[PDB]
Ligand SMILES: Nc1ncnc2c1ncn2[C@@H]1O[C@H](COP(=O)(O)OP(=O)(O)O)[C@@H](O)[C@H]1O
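Presented below, as structure tokens, is a lone chain in the form solved without the named molecule.
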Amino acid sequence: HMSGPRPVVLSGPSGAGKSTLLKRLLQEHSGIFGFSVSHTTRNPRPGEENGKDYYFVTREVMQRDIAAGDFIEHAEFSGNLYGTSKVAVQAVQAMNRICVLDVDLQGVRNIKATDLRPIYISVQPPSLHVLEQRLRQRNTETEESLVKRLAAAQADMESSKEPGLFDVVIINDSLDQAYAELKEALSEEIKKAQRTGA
């Protein structure tokens, strides 16, 4: 269908190949997909710039943006405030790109509760035990964190079955098979972003 491309939401259980599908997607479709720039009260670090990495605003301007519409995704940690203003999604669309978000299951429930309507994509591990095997095969994990991470993945696997949560429900049966289902699921929005086909 020939029209302007809509934004996209990625979700599902922890890991599940999502980050590697996303890195393949943005490298193949070079600069056609782009991320929503989060608003923040922080000062920039060396090599950061406003509108490149983060939208750097004052604590007064950040709360003024919460009062405008940022509150859907606002967060506070260690005395700094963060969020997704609707300006940040529209910024990527104004460069004529696909705007990308990637969020937890509660993040998906937040987006559909406001006047936003992106395409909703979830990716899941092939079985909950395979996610356990993949985590135990790395040195970064420990048994206390594994229990919390598997208990989170259990609830995320159940929310990923709900018909109101997602338009698209992919399995990581293979990285190549999941990438093919992802690229086919996005094929209409890619055709629209390349401005080609029916």
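In case it trips you up, residue 1 is the first one in the sequence shown, and so on.
Beyond what is shown, the protein has a form solved in complex with the named molecule; the following relates to that form.
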query: Pocket accessibility after superposing the named molecule in the entry with it bound (3+ atoms within 2.4 Å of backbone/C-beta); finding: blocked
query: Within 4.5 Å of the named molecule in the entry with it bound, all of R134, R138 and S174 (non-hydrogen atom); finding: yes
query: Partner proximity in the entry with it bound: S14 to the named molecule, non-hydrogen atom cutoff 4.5 Å; finding: yes
query: Interface membership of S187, the named molecule in the entry with it bound, 4.5 Å heavy atom rule; finding: no
